[PDB]
């Protein structure tokens, strides 16, 4: 069972200013207002201290079919992007449980705005961690065409798949879906598929 993983230093994850700015309520603003500069700085500084970005993946040889290790991709979105492909990669990206604990710590102290900045930078940090690796795999694999990246719960793709993917990486990383609504723990954890023609 070949389960590669990369650990990425939080400061090496470049989130574009306008994506950040939009995520924290300053969509379009040319700059983040001076009144929130020190706060956002601390949110981002706190996040850098607590986050432990890890992205893991696994390649399956499938040739055309949309079923493999214990799962079967069902919706119409799946077919559009993933059908007729030789390999399908499943990704898991996470920032770890200390991120969750820091968010809760600030809600508990009643610093809800700070916790909001942190939660939002964190949502984008785990996305761009995944994108960083998605891109490396694209650049390496010249002999192939990578599909669009799709996550469980987007369109017709069952959210229930989170549970299947969690199981795949259970031994490589601290992750569960302890909730029967298929919600991943730790909370800043994200899943995706990419197809390769």
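Numbering follows the first chain given and starts at 1.
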Once average C-alpha B-factors are taken from the entry for 137-145 and 51-59, the winner is 137-145
Using only C-alpha atoms and the B-factors in the entry, which stretch averages higher, 13-21 or 177-185? 177-185
Residue with highest C-alpha B-factor in the PDB entry, from 74, 89, 94, 123: 74
Taking the Cα B-factors listed in the entry, which of 40, 129, 159, 168 comes out highest? 159
Where does residue 197 sit by CA temperature factor within its chain: lowest, middle or highest third? highest
